[PDB]
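> before the rest arrives, take these chain(s) from the complex:
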Amino acid sequence: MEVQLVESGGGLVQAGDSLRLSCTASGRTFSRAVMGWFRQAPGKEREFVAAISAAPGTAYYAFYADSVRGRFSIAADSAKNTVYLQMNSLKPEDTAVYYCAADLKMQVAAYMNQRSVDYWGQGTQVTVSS
(Lines give C-alpha, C1' and ligand atoms only; values in the text may rest on other atoms or scores of the structure.)
Protein backbone atom coordinates (compact mmCIF):
# COMPACT_ATOMS: atom_id res chain seq x y z
CA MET A 1 0.00 0.00 0.00
CA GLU A 2 1.17 3.53 -0.89
CA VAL A 3 1.55 6.16 1.83
CA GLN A 4 -1.81 7.79 2.67
CA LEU A 5 -0.62 11.13 4.08
CA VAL A 6 2.29 13.36 3.06
CA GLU A 7 2.93 16.56 5.06
CA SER A 8 4.59 19.74 3.74
CA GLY A 9 5.66 22.85 5.64
CA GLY A 10 7.47 23.57 8.92
CA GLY A 11 10.29 25.63 10.44
CA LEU A 12 11.17 28.37 12.92
CA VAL A 13 8.98 31.47 13.21
CA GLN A 14 8.73 34.34 15.74
CA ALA A 15 5.89 34.69 18.28
CA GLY A 16 3.04 36.69 16.69
CA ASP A 17 3.85 35.26 13.21
CA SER A 18 1.73 32.80 11.26
CA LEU A 19 2.36 29.64 9.21
CA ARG A 20 0.23 27.25 7.18
CA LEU A 21 1.00 23.55 6.91
CA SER A 22 -0.36 21.21 4.27
CA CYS A 23 -1.01 17.50 3.95
CA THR A 24 -1.96 15.52 0.86
CA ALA A 25 -4.19 12.45 1.14
CA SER A 26 -4.94 9.59 -1.24
CA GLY A 27 -8.21 10.16 -3.11
CA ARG A 28 -9.71 7.27 -1.13
CA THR A 29 -8.81 8.63 2.34
CA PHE A 30 -9.71 12.21 1.42
CA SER A 31 -13.32 11.17 0.67
CA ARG A 32 -13.83 8.50 3.36
CA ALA A 33 -12.05 9.77 6.50
CA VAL A 34 -12.22 12.70 8.88
CA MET A 35 -8.90 14.45 8.60
CA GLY A 36 -7.16 16.35 11.33
CA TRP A 37 -4.03 17.55 13.02
CA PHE A 38 -2.25 16.57 16.20
CA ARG A 39 0.77 18.08 17.90
CA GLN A 40 3.45 16.63 20.19
CA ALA A 41 5.27 19.13 22.43
CA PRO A 42 8.69 18.30 24.01
CA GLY A 43 8.25 15.46 26.55
CA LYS A 44 4.43 15.54 26.20
CA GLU A 45 1.97 13.09 24.56
CA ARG A 46 0.40 14.21 21.26
CA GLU A 47 -2.81 16.20 21.49
CA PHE A 48 -5.71 16.92 19.14
CA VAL A 49 -5.54 20.33 17.44
CA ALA A 50 -8.07 20.54 14.57
CA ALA A 51 -10.46 18.42 12.49
CA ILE A 52 -12.46 18.68 9.26
CA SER A 53 -15.35 16.50 8.04
CA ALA A 54 -14.79 13.75 5.46
CA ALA A 55 -14.73 14.76 1.78
CA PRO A 56 -14.39 18.51 2.41
CA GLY A 57 -15.36 20.01 -0.97
CA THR A 58 -17.67 23.02 -1.21
CA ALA A 59 -18.94 22.50 2.36
CA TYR A 60 -17.60 21.04 5.65
CA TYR A 61 -17.67 21.37 9.43
CA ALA A 62 -14.48 22.33 11.29
CA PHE A 63 -13.60 21.54 14.96
CA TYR A 64 -10.84 22.90 17.22
CA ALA A 65 -9.17 22.21 20.58
CA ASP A 66 -9.80 25.12 23.02
CA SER A 67 -6.07 25.94 23.18
CA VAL A 68 -5.94 26.96 19.51
CA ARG A 69 -9.50 28.26 19.01
CA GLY A 70 -9.75 31.44 16.90
CA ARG A 71 -6.01 31.46 16.10
CA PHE A 72 -5.94 28.22 14.07
CA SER A 73 -8.15 27.22 11.14
CA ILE A 74 -8.45 24.09 9.02
CA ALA A 75 -9.24 24.00 5.27
CA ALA A 76 -9.19 21.81 2.17
CA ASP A 77 -8.47 21.69 -1.54
CA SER A 78 -10.43 18.84 -3.09
CA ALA A 79 -8.85 19.34 -6.52
CA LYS A 80 -5.42 18.53 -4.96
CA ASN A 81 -6.70 16.10 -2.27
CA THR A 82 -5.07 18.37 0.36
CA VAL A 83 -6.01 19.71 3.81
CA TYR A 84 -4.38 22.72 5.46
CA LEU A 85 -3.56 23.85 8.98
CA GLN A 86 -3.47 27.64 9.21
CA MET A 87 -1.82 28.92 12.40
CA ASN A 88 -2.09 32.60 13.34
CA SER A 89 -0.68 34.54 16.31
CA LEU A 90 1.76 31.78 17.22
CA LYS A 91 3.09 31.54 20.79
CA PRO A 92 6.28 29.78 21.99
CA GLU A 93 3.99 27.20 23.66
CA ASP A 94 2.77 26.10 20.17
CA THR A 95 6.29 24.71 19.54
CA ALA A 96 5.75 21.05 18.64
CA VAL A 97 6.06 18.31 16.12
CA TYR A 98 2.78 18.52 14.17
CA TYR A 99 1.09 15.44 12.68
CA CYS A 100 -1.70 15.06 10.13
CA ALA A 101 -4.18 12.27 10.79
CA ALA A 102 -7.11 10.43 9.23
CA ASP A 103 -9.79 8.48 11.06
CA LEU A 104 -11.97 6.39 8.72
CA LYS A 105 -14.57 5.75 11.41
CA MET A 106 -15.61 9.39 11.50
CA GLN A 107 -17.65 11.51 9.09
CA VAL A 108 -18.17 14.78 11.02
CA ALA A 109 -15.31 16.94 12.32
CA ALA A 110 -15.02 16.42 16.08
CA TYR A 111 -12.47 15.66 18.76
CA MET A 112 -10.21 12.92 17.38
CA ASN A 113 -8.87 10.19 19.62
CA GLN A 114 -5.13 9.63 19.24
CA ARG A 115 -5.89 5.88 19.40
CA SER A 116 -8.58 5.96 16.70
CA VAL A 117 -6.23 7.28 14.02
CA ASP A 118 -5.92 4.99 11.02
CA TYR A 119 -3.14 6.90 9.23
CA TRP A 120 -0.43 9.43 10.09
CA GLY A 121 1.74 11.65 7.98
CA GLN A 122 5.30 12.16 9.16
CA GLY A 123 5.56 14.86 11.79
CA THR A 124 7.07 18.25 11.02
CA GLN A 125 8.89 20.50 13.49
CA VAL A 126 7.34 23.88 14.17
CA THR A 127 9.27 26.17 16.50
CA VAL A 128 7.97 29.52 17.67
CA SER A 129 10.72 31.72 19.08
CA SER A 130 10.06 34.07 22.02
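Yep, it's here. Numbering: from 1, shown residues only, chains lettered A, B, ... in the order given.
> which residues does the residue most central in space within chain A bridge with?
Geometric centre of chain A, nearest residue: residue A:37, 2.5 Å, by C-alpha atoms, centre = their mean. Beta bridges link residue A:37 to residue A:50, residue A:100, judged by DSSP bridges.
> so what's it up against?
A:21, A:23, A:48-51, A:74, A:85, A:98-101 (C-beta atoms under 8 Å, 6 or more residues apart in numbering). Every residue, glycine included, has its C-beta placed from N, CA and C.
> what do you get for residue A:75?
Going by C-beta under 8 Å, 6+ apart, residue A:75 touches A:52, A:56, A:83-84, A:86.
> and residue A:127, by the same measure?
Residue A:127 makes contacts with A:11-13, A:95, as judged by C-beta under 8 Å, 6+ apart.
> any chance of the residues you listed in TSV, plus neighbour count and distance to residue A:117?
TSV is the format used below for those (neighbours: other C-beta atoms under 10 Å; distance: C-beta to C-beta, whole Å):
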residue	neighbour count	distance to residue A:117
A:11	10	24
A:12	12	27
A:13	17	26
A:95	19	22
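> for residue A:105, see how far away residue A:115 is.
11 Å (C-beta to C-beta, to the nearest Å).
> compare those two (neighbour count), which wins?
Between residue A:115 and residue A:105, counted using other C-beta atoms under 10 Å, residue A:105 has the larger neighbour count: 11 against 6.
> helix or strand: which one has the more buried one?
Counting by DSSP states H and E, no helix or strand carries residue A:105.
> distance to residue A:121 and neighbour count added to the contacts of residue A:37, as TSV?
Output for the contacts of residue A:37, formatted as TSV (distance: C-beta to C-beta, whole Å; neighbours: other C-beta atoms under 10 Å):
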residue	distance to residue A:121	neighbour count
A:21	10	20
A:23	5	27
A:48	15	21
A:49	13	25
A:50	14	27
A:51	15	26
A:74	14	23
A:85	11	25
A:98	9	24
A:99	6	22
A:100	4	30
A:101	8	25
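> also put chain B in, sequence below:
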Amino acid sequence: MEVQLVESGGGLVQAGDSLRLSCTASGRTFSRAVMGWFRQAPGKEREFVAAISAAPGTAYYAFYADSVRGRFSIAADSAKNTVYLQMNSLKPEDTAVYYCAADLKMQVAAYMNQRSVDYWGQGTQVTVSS
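Adding chain B to the chains above:
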Protein backbone atom coordinates in the same frame (compact mmCIF):
# COMPACT_ATOMS: atom_id res chain seq x y z
CA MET B 1 0.01 13.74 30.12
CA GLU B 2 3.72 12.93 29.64
CA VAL B 3 4.98 11.31 26.42
CA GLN B 4 4.33 7.55 26.53
CA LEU B 5 7.09 6.28 24.17
CA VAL B 6 10.63 7.65 23.73
CA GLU B 7 12.75 5.79 21.17
CA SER B 8 16.51 5.71 20.42
CA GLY B 9 18.94 4.53 17.74
CA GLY B 10 19.00 4.73 13.94
CA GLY B 11 21.41 5.91 11.25
CA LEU B 12 23.49 4.86 8.23
CA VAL B 13 24.66 1.26 7.97
CA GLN B 14 26.26 -1.06 5.37
CA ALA B 15 24.56 -4.11 3.86
CA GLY B 16 24.99 -7.19 6.08
CA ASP B 17 25.60 -5.13 9.23
CA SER B 18 23.63 -4.83 12.49
CA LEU B 19 21.73 -1.98 14.17
CA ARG B 20 19.80 -1.82 17.43
CA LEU B 21 16.76 0.26 18.30
CA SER B 22 15.34 0.82 21.73
CA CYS B 23 12.24 2.50 23.13
CA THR B 24 11.28 3.33 26.73
CA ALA B 25 7.66 3.52 27.85
CA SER B 26 5.88 4.85 30.93
CA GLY B 27 5.28 2.26 33.69
CA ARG B 28 1.52 2.15 33.18
CA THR B 29 1.72 1.78 29.38
CA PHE B 30 4.51 -0.81 29.44
CA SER B 31 2.53 -3.07 31.78
CA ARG B 32 -0.76 -2.53 29.95
CA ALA B 33 0.19 -2.84 26.29
CA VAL B 34 1.72 -5.24 23.85
CA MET B 35 4.90 -3.62 22.50
CA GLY B 36 5.86 -3.79 18.83
CA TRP B 37 7.80 -2.27 15.96
CA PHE B 38 6.63 -0.92 12.62
CA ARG B 39 8.52 0.41 9.64
CA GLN B 40 7.69 2.88 6.90
CA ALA B 41 9.62 2.49 3.65
CA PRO B 42 9.82 5.57 1.42
CA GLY B 43 6.46 6.13 -0.31
CA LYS B 44 4.79 3.27 1.63
CA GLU B 45 2.40 2.87 4.58
CA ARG B 46 3.86 1.68 7.87
CA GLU B 47 3.92 -2.11 8.15
CA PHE B 48 4.29 -4.51 11.08
CA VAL B 49 7.71 -5.87 11.98
CA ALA B 50 7.53 -7.54 15.41
CA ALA B 51 5.64 -7.72 18.71
CA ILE B 52 6.43 -8.84 22.26
CA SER B 53 4.08 -9.52 25.20
CA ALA B 54 4.65 -10.25 28.90
CA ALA B 55 3.82 -13.74 30.23
CA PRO B 56 3.70 -15.00 33.88
CA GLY B 57 7.09 -14.68 35.59
CA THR B 58 10.17 -13.93 33.47
CA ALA B 59 8.50 -15.13 30.29
CA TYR B 60 7.67 -13.27 27.10
CA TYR B 61 5.93 -14.18 23.89
CA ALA B 62 7.44 -12.92 20.63
CA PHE B 63 5.86 -12.64 17.17
CA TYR B 64 7.58 -11.83 13.87
CA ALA B 65 6.41 -10.79 10.43
CA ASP B 66 7.63 -13.02 7.57
CA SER B 67 9.97 -10.41 6.04
CA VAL B 68 12.22 -9.97 9.12
CA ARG B 69 12.08 -13.49 10.51
CA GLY B 70 15.39 -14.84 11.77
CA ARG B 71 17.19 -11.55 11.09
CA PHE B 72 15.56 -9.47 13.83
CA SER B 73 15.34 -10.13 17.60
CA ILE B 74 12.73 -8.47 19.78
CA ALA B 75 13.34 -8.18 23.53
CA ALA B 76 12.09 -6.37 26.66
CA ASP B 77 13.32 -5.30 30.09
CA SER B 78 10.70 -4.77 32.83
CA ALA B 79 13.03 -2.90 35.26
CA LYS B 80 13.90 -0.37 32.53
CA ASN B 81 10.43 -0.25 30.87
CA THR B 82 12.26 -0.63 27.54
CA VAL B 83 11.78 -2.75 24.38
CA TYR B 84 14.57 -3.63 21.93
CA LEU B 85 14.88 -4.47 18.27
CA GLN B 86 18.18 -6.01 17.20
CA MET B 87 18.41 -6.01 13.42
CA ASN B 88 21.07 -8.18 11.76
CA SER B 89 21.98 -9.08 8.13
CA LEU B 90 20.48 -5.75 7.07
CA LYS B 91 19.69 -5.37 3.36
CA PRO B 92 19.17 -2.15 1.36
CA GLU B 93 15.53 -3.25 1.28
CA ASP B 94 15.34 -2.73 5.10
CA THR B 95 15.73 1.05 4.61
CA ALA B 96 12.82 2.80 6.38
CA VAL B 97 11.68 5.04 9.22
CA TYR B 98 11.17 2.66 12.15
CA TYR B 99 8.46 3.22 14.79
CA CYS B 100 7.76 1.76 18.20
CA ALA B 101 4.16 0.95 19.11
CA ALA B 102 1.93 0.18 22.12
CA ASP B 103 -1.39 -1.69 21.82
CA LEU B 104 -3.48 -1.73 25.03
CA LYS B 105 -6.20 -4.14 23.80
CA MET B 106 -3.97 -7.00 22.65
CA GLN B 107 -2.89 -9.47 25.39
CA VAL B 108 -0.55 -11.83 23.50
CA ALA B 109 2.00 -10.93 20.79
CA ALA B 110 0.53 -11.42 17.32
CA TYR B 111 0.20 -9.59 14.00
CA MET B 112 -0.49 -5.95 14.78
CA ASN B 113 -2.35 -3.58 12.47
CA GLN B 114 -1.30 0.09 12.68
CA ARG B 115 -4.92 1.14 13.37
CA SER B 116 -5.02 -0.93 16.59
CA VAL B 117 -2.06 1.06 17.96
CA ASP B 118 -2.79 3.44 20.85
CA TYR B 119 0.65 5.09 21.07
CA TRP B 120 3.70 5.70 18.85
CA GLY B 121 7.34 6.52 19.44
CA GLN B 122 8.79 9.25 17.22
CA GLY B 123 10.17 7.66 14.04
CA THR B 124 13.87 7.15 13.40
CA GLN B 125 15.72 6.81 10.08
CA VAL B 126 17.60 3.60 9.30
CA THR B 127 19.46 3.67 5.97
CA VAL B 128 21.16 0.57 4.55
CA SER B 129 23.48 1.15 1.58
CA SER B 130 24.91 -1.30 -0.93
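> revisit the contacts of residue A:37 given that chain B is now included?
Each residue near residue A:37 by C-beta atoms under 8 Å, 6 or more residues apart in numbering or on different chains is listed here: A:21, A:23, A:48-51, A:74, A:85, A:98-101.
> can you do 10 Å?
Going by C-beta atoms under 10 Å, 6 or more residues apart in numbering or on different chains, residue A:37 touches A:7, A:21, A:23, A:46, A:48-52, A:64-65, A:68, A:72, A:74, A:83-85, A:87, A:98-101, A:112, A:121.
> which among those are in contact with chain B?
A:46, A:99 (C-beta under 10 Å from any C-beta of the partner chain).
> could you report the neighbour count for the closest residue to residue A:56 other than its chain neighbours?
Among residues not flanking residue A:56 along the chain, residue A:76 sits closest, at 3.7 Å (C-beta to C-beta, 6 or more residues apart in numbering or on different chains). Per other C-beta atoms under 10 Å in any protein chain shown, the neighbour tally for residue A:76 reads 21.
> do the same with residue A:44
Residue A:44 has 12 neighbouring residues, counting by other C-beta under 10 Å.
> ok, residue A:94 next?
Neighbours around residue A:94, by other C-beta under 10 Å: 22.
> right, and it touches residue A:47 too?
No - if you go by C-beta atoms under 10 Å, residue A:94 and residue A:47 don't touch, sitting 11.4 Å apart.
> which residues are in contact with each of those two?
Common neighbours of residue A:94 and residue A:47 (C-beta under 10 Å, 6+ apart) are A:39, A:41, A:67-68.
> now the helices for chain A?
Taking DSSP state H, the helices of chain A run over residues A:27-32.
> which parts of it sit against chain B?
A:1-6, A:26, A:40-47, A:97, A:99, A:103-105, A:113-120, A:122-123.
> mind checking which of the residues you listed land in strands?
Members of the residues of chain A next to chain B lying in strands (criterion: DSSP state E): A:5-6, A:40, A:47, A:97, A:99, A:103, A:119-120.
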